[PDB]
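Visitor: Just one file: final-v2.csv, with CSV, C-alpha atoms.
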chain,number,residue,atom,x,y,z
D,1,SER,CA,-29.2,5.9,5.7
D,2,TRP,CA,-25.9,7.1,7.1
D,3,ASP,CA,-23.9,4.6,9.1
D,4,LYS,CA,-24.7,5.3,12.7
D,5,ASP,CA,-21.2,4.1,13.7
D,6,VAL,CA,-19.7,7.1,11.8
D,7,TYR,CA,-22.3,9.5,13.2
D,8,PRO,CA,-23.2,8.3,16.7
D,9,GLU,CA,-26.6,9.3,18.1
D,10,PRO,CA,-27.4,8.5,21.8
D,11,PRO,CA,-30.6,6.6,22.5
D,12,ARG,CA,-33.6,8.9,22.6
D,13,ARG,CA,-35.0,9.4,26.1
D,14,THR,CA,-38.2,11.3,25.6
D,15,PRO,CA,-40.4,12.0,28.7
D,16,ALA,CA,-43.9,10.7,28.6
D,17,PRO,CA,-46.8,13.2,28.4
D,18,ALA,CA,-48.3,13.4,31.9
D,19,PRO,CA,-50.7,16.4,32.0
D,20,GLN,CA,-52.0,17.5,35.3
D,21,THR,CA,-54.3,20.3,34.2
D,22,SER,CA,-57.6,19.8,32.4
D,23,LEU,CA,-57.1,22.6,29.9
D,24,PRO,CA,-56.8,21.6,26.2
D,25,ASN,CA,-53.1,21.8,25.3
D,26,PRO,CA,-53.1,24.0,22.1
D,27,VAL,CA,-49.9,22.4,21.0
D,28,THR,CA,-51.5,19.0,20.5
D,29,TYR,CA,-54.4,20.4,18.5
D,30,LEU,CA,-51.9,22.5,16.4
D,31,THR,CA,-49.8,19.4,15.8
D,32,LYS,CA,-52.9,17.5,14.7
D,33,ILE,CA,-53.9,20.3,12.3
D,34,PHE,CA,-50.3,20.4,10.9
D,35,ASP,CA,-50.3,16.6,10.4
D,36,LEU,CA,-53.6,16.7,8.6
D,37,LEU,CA,-52.9,19.7,6.4
D,38,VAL,CA,-49.2,19.4,5.6
D,39,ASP,CA,-47.8,15.9,6.6
D,40,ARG,CA,-50.5,13.9,4.8
D,41,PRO,CA,-50.2,15.7,1.4
D,42,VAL,CA,-46.4,15.8,1.7
D,43,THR,CA,-46.3,12.1,2.5
D,44,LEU,CA,-48.6,11.3,-0.4
D,45,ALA,CA,-46.4,13.3,-2.8
D,46,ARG,CA,-43.3,11.6,-1.5
D,47,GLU,CA,-45.0,8.2,-1.9
D,48,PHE,CA,-45.8,9.1,-5.6
D,49,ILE,CA,-42.3,10.3,-6.3
D,50,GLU,CA,-40.7,7.3,-4.6
D,51,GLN,CA,-42.9,5.0,-6.7
D,52,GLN,CA,-41.7,6.8,-9.8
D,53,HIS,CA,-38.1,6.5,-8.7
D,54,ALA,CA,-38.5,2.8,-7.9
D,55,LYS,CA,-39.9,2.3,-11.4
D,56,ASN,CA,-36.5,3.3,-12.9
D,57,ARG,CA,-33.9,2.0,-10.5
D,58,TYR,CA,-30.3,2.5,-11.5
D,59,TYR,CA,-27.0,2.6,-9.6
D,60,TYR,CA,-23.9,4.6,-9.1
D,61,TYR,CA,-20.6,3.4,-7.7
D,62,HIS,CA,-17.9,4.6,-5.4
D,63,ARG,CA,-14.6,4.7,-7.4
D,64,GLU,CA,-11.8,2.9,-5.5
D,65,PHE,CA,-8.1,3.8,-6.1
D,66,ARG,CA,-5.5,1.2,-5.4
D,67,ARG,CA,-2.6,2.0,-3.2
D,68,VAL,CA,0.5,3.4,-5.0
D,69,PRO,CA,4.1,3.7,-3.8
D,70,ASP,CA,4.6,6.8,-1.7
D,71,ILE,CA,7.1,9.6,-2.2
D,72,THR,CA,9.5,7.8,0.2
D,73,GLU,CA,9.9,4.9,-2.3
D,74,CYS,CA,10.6,7.3,-5.2
D,75,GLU,CA,13.8,8.1,-7.0
D,76,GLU,CA,15.2,11.6,-7.2
D,77,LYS,CA,13.9,12.5,-10.6
D,78,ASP,CA,11.4,9.7,-11.3
D,79,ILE,CA,8.7,12.1,-12.5
D,80,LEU,CA,6.2,9.2,-13.1
D,81,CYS,CA,6.5,7.8,-9.6
D,82,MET,CA,6.5,11.3,-8.1
D,83,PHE,CA,3.3,12.1,-10.0
D,84,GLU,CA,1.6,8.9,-8.8
D,85,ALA,CA,2.7,9.5,-5.2
D,86,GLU,CA,1.7,13.2,-5.3
D,87,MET,CA,-1.8,12.3,-6.5
D,88,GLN,CA,-2.2,9.6,-3.9
D,89,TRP,CA,-1.0,12.0,-1.2
D,90,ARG,CA,-3.5,14.7,-2.3
D,91,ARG,CA,-6.3,12.1,-2.2
D,92,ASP,CA,-5.2,11.1,1.3
D,93,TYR,CA,-5.1,14.8,2.3
D,94,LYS,CA,-8.7,15.2,1.1
D,95,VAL,CA,-9.8,12.1,3.0
D,96,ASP,CA,-8.1,13.3,6.2
D,97,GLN,CA,-9.8,16.7,5.8
D,98,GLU,CA,-13.2,14.9,5.5
D,99,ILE,CA,-12.3,12.8,8.6
D,100,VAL,CA,-11.7,16.0,10.6
D,101,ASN,CA,-15.0,17.3,9.2
D,102,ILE,CA,-16.8,14.2,10.4
D,103,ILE,CA,-15.3,14.6,13.9
D,104,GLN,CA,-16.3,18.3,13.9
D,105,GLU,CA,-19.8,17.4,13.0
D,106,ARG,CA,-19.9,14.9,15.9
D,107,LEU,CA,-18.6,17.7,18.2
D,108,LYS,CA,-21.3,20.2,17.1
D,109,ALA,CA,-24.0,17.6,17.3
D,110,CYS,CA,-23.0,16.7,20.9
D,111,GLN,CA,-22.8,20.4,21.8
D,112,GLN,CA,-26.3,21.1,20.6
D,113,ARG,CA,-28.0,17.9,21.7
D,114,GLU,CA,-26.8,17.9,25.4
D,115,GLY,CA,-28.3,21.3,26.0
D,116,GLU,CA,-27.0,23.0,29.2
D,117,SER,CA,-25.0,20.0,30.2
D,118,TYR,CA,-22.8,19.9,27.1
D,119,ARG,CA,-19.5,20.7,29.0
D,120,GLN,CA,-19.6,17.5,31.0
D,121,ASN,CA,-21.4,15.2,28.5
D,122,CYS,CA,-19.2,16.0,25.5
D,123,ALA,CA,-15.8,15.5,27.1
D,124,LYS,CA,-15.4,12.3,25.0
D,125,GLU,CA,-16.2,14.2,21.7
D,126,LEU,CA,-13.8,17.0,22.8
D,127,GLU,CA,-11.1,14.5,23.4
D,128,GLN,CA,-11.6,12.8,20.0
D,129,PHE,CA,-11.5,16.2,18.3
D,130,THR,CA,-8.4,17.2,20.2
D,131,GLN,CA,-6.6,13.9,19.1
D,132,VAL,CA,-7.7,14.3,15.5
D,133,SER,CA,-6.8,18.0,15.4
D,134,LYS,CA,-3.3,17.4,16.9
D,135,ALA,CA,-2.7,14.6,14.4
D,136,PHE,CA,-3.8,16.8,11.4
D,137,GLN,CA,-1.8,19.7,12.6
D,138,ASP,CA,1.3,17.5,13.0
D,139,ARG,CA,0.8,16.1,9.4
D,140,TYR,CA,-0.8,18.9,7.4
D,141,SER,CA,0.2,22.3,8.7
D,142,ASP,CA,2.7,25.0,7.9
D,143,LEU,CA,3.2,23.4,4.5
D,144,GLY,CA,2.1,26.6,2.7
D,145,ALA,CA,0.0,27.3,-0.3
D,146,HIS,CA,2.4,25.2,-2.5
D,147,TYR,CA,2.3,22.1,-0.4
D,148,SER,CA,3.5,18.8,-1.9
D,149,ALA,CA,4.2,15.2,-0.7
D,150,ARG,CA,7.9,16.0,-0.7
D,151,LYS,CA,7.2,18.8,1.8
D,152,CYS,CA,5.2,16.5,4.2
D,153,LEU,CA,8.1,14.0,3.9
D,154,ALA,CA,10.5,16.8,4.9
D,155,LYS,CA,8.4,17.9,7.8
D,156,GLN,CA,8.1,14.3,9.0
D,157,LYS,CA,11.9,13.9,8.7
D,158,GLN,CA,12.4,17.0,10.7
D,159,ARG,CA,10.0,15.8,13.4
D,160,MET,CA,11.6,12.4,13.5
D,161,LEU,CA,15.1,14.0,13.9
D,162,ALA,CA,13.7,16.0,16.8
D,163,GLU,CA,12.2,12.9,18.3
D,164,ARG,CA,15.6,11.1,18.0
D,165,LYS,CA,17.4,14.1,19.6
D,166,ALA,CA,14.9,14.1,22.5
D,167,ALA,CA,15.3,10.4,23.0
D,168,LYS,CA,19.1,10.7,23.1
D,169,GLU,CA,18.8,13.2,25.9
R,1,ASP,CA,-14.1,11.7,-20.5
R,2,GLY,CA,-12.9,9.4,-17.7
R,3,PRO,CA,-10.6,10.7,-15.0
R,4,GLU,CA,-7.9,8.2,-16.1
R,5,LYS,CA,-7.5,9.8,-19.5
R,6,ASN,CA,-6.1,13.0,-18.1
R,7,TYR,CA,-4.0,10.9,-15.7
R,8,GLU,CA,-2.3,9.0,-18.5
R,9,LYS,CA,-1.9,12.1,-20.6
R,10,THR,CA,-0.3,13.9,-17.7
R,11,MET,CA,2.1,11.0,-17.2
R,12,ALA,CA,3.1,11.1,-20.9
R,13,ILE,CA,3.5,14.9,-20.8
R,14,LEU,CA,5.6,14.7,-17.7
R,15,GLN,CA,7.8,12.0,-19.2
R,16,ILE,CA,8.3,14.1,-22.4
R,17,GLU,CA,9.1,17.3,-20.5
R,18,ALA,CA,11.5,15.6,-18.1
R,19,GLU,CA,13.3,14.0,-21.0
R,20,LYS,CA,13.5,17.5,-22.6
R,21,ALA,CA,14.9,19.0,-19.4
R,22,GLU,CA,17.5,16.3,-19.0
R,23,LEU,CA,18.5,16.6,-22.7
R,24,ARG,CA,18.9,20.4,-22.3
R,25,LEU,CA,21.2,20.0,-19.3
R,26,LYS,CA,23.1,17.3,-21.2
R,27,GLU,CA,23.4,19.5,-24.2
R,28,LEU,CA,24.7,22.4,-22.1
R,29,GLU,CA,27.4,20.2,-20.5
R,30,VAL,CA,28.4,18.7,-23.8
R,31,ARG,CA,28.7,22.1,-25.5
R,32,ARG,CA,30.8,23.4,-22.6
R,33,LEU,CA,33.1,20.4,-22.7
R,34,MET,CA,33.5,20.6,-26.5
R,35,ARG,CA,34.3,24.3,-26.3
R,36,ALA,CA,36.8,23.8,-23.5
R,37,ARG,CA,38.6,20.8,-25.1
R,38,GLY,CA,37.9,21.0,-28.9
R,39,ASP,CA,37.9,17.2,-29.1
R,40,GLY,CA,34.4,16.8,-30.6
R,41,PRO,CA,32.6,17.5,-33.9
R,42,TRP,CA,31.6,21.0,-32.7
R,43,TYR,CA,33.8,24.1,-32.3
R,44,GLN,CA,36.3,22.7,-34.8
R,45,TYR,CA,37.9,26.0,-35.9
R,46,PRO,CA,39.7,25.5,-39.2
R,47,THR,CA,43.5,25.2,-39.6
R,48,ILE,CA,45.8,25.3,-42.5
R,49,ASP,CA,45.3,22.4,-45.0
R,50,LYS,CA,48.4,20.3,-45.4
R,51,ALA,CA,47.6,19.6,-49.0
R,52,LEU,CA,49.0,23.0,-49.9
R,53,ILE,CA,52.5,22.1,-48.8
R,54,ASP,CA,54.8,21.5,-51.8
R,55,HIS,CA,56.8,18.3,-51.2
R,56,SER,CA,59.0,18.8,-54.2
R,57,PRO,CA,62.8,19.4,-54.6
R,58,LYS,CA,63.4,23.1,-53.8
R,59,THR,CA,66.4,25.2,-54.7
R,60,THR,CA,68.3,25.1,-51.5
R,61,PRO,CA,69.2,21.6,-50.2
R,62,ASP,CA,68.3,22.4,-46.5
R,63,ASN,CA,64.7,23.0,-47.7
Would you mind writing the file out in structure tokens?

Guide:
Amino acid sequence: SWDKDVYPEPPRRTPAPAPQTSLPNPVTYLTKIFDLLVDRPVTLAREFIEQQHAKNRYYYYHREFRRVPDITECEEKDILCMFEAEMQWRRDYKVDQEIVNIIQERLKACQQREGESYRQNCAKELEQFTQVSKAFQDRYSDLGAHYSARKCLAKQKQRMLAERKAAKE
Amino acid sequence: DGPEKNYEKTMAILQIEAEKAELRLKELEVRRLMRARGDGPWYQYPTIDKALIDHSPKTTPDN
């Protein structure tokens, strides 16, 4: 259901069953018992419920907000423009928080899946999380509990002044 | 209701309150200037009415 591009899953490499002993593997019998006593009734119930859902098929939509002029293109006391820009900035802040959440989910999934080789096999995920975390900390950090778009603008201006000072040295 | 109703109501409320704040600052400045100069309709402390002056031949010629 979820876009596999957003949440990448490596191809599943499952070893084939190659028993060498002649003893009856209790795991196989237990799995068959489970599939007979739980899976079948659960699947039948899900089939019934999915039929009922398909009988009454309705839709819900993802609301899309158009881009609005930022706080940079906003007069000193233009309360209307400032309100629009502040709402857009808060929406962007929420979206960036969710982006960081997605990256963290990727990192956790990689850490669990790779088992004992997570340190070497999740370097790419660690790098992606480091990049996103540094970007987020540069943008949304130290603002405080009363953060506003004007405060990010001020922090960005301070950072750009520091960059200019470094470049001129 | 829809999320846009609160949005537009907030915009209207912000416009009204900003106009109120600007008008309050304007009123304070206007009152200060009128009190300092006394060249407006406010703070016009009364003076002697010139209709009381008697412009008639008095007793002494030098008035």

Visitor: Write out as a count of residues only every residue belonging to chain R that has an atom at most 12 Å from any atom of chain D, counting all atoms listed in the file.

Guide: 18

Visitor: Near residue 138 (chain D), within 9 Å and counting only C-alpha atoms, which residues show up once chain neighbours fewer than 3 positions away are dropped, as a PyMOL selection string?

Guide: chain D and resi 133-135+141+155-156+159

Visitor: Please compute the CA of residue 146 (chain D)-CA of residue 85 (chain D) distance, one decimal, in Å.

Guide: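 If I compute the distance from CA of residue 146 (chain D) to CA of residue 85 (chain D), I get 15.9 Å.
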
Visitor: With all atoms listed in the file as the basis for distance, which of D:157, D:107, D:102, D:40 is at the shortest distance from residue 119 (chain D)?

Guide: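 Of D:157, D:107, D:102, D:40, the one nearest residue 119 (chain D) is D:107, counting all atoms listed in the file.
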
Visitor: Go ahead and compute the interatomic distance for CA of residue 41 (chain D) and CA of residue 56 (chain D), in Å to one decimal.

Guide: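 That distance, rounded to one decimal, is 23.4 Å.
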
Visitor: What separation in Å, quoted to one decimal, exists between CA of residue 1 (chain D) and CA of residue 128 (chain D)?

Guide: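 Answer for the CA of residue 1 (chain D) to CA of residue 128 (chain D) separation: 23.7 Å.
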
Visitor: Quick one: everything within 12 Å of residue 91 (chain D), counting all atoms listed in the file, minus sequence neighbours fewer than 3 positions away in the same chain. Send it as a PyMOL selection string.

Guide: chain D and resi 64-68+84-88+94-98+148-149

Visitor: Create the file for the chosen residues now, containing C-alpha atoms and written as a tab-separated table (two decimals), in the coordinates of the input.

Guide:
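Result written to result.tsv:
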chain	number	residue	atom	x	y	z
D	64	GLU	CA	-11.80	2.90	-5.50
D	65	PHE	CA	-8.10	3.80	-6.10
D	66	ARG	CA	-5.50	1.20	-5.40
D	67	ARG	CA	-2.60	2.00	-3.20
D	68	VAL	CA	0.50	3.40	-5.00
D	84	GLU	CA	1.60	8.90	-8.80
D	85	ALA	CA	2.70	9.50	-5.20
D	86	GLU	CA	1.70	13.20	-5.30
D	87	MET	CA	-1.80	12.30	-6.50
D	88	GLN	CA	-2.20	9.60	-3.90
D	94	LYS	CA	-8.70	15.20	1.10
D	95	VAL	CA	-9.80	12.10	3.00
D	96	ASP	CA	-8.10	13.30	6.20
D	97	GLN	CA	-9.80	16.70	5.80
D	98	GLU	CA	-13.20	14.90	5.50
D	148	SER	CA	3.50	18.80	-1.90
D	149	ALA	CA	4.20	15.20	-0.70

Visitor: For residue 70 (chain D), which residue out of D:33, D:82, D:122, D:49 is the nearest one, using only C-alpha atoms?

Guide: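 Once distances to residue 70 (chain D) are computed over only C-alpha atoms, the minimum belongs to D:82.
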
Visitor: I'd like the contact shell of residue 9 (chain D) - 10 Å cut-off, only C-alpha atoms, skipping same-chain residues fewer than 4 positions apart - returned as a VMD selection string.

Guide: chain D and resid 4 to 5 106 109 to 110 113

Visitor: Give me the residues near residue 114 (chain D) as an MDAnalysis selection string, where near means some atom within 12 Å (using only C-alpha atoms) and where sequence neighbours in that chain fewer than 6 positions away do not count.

Guide: chainID D and resid 9:10 12:13 107:108 120:123 125
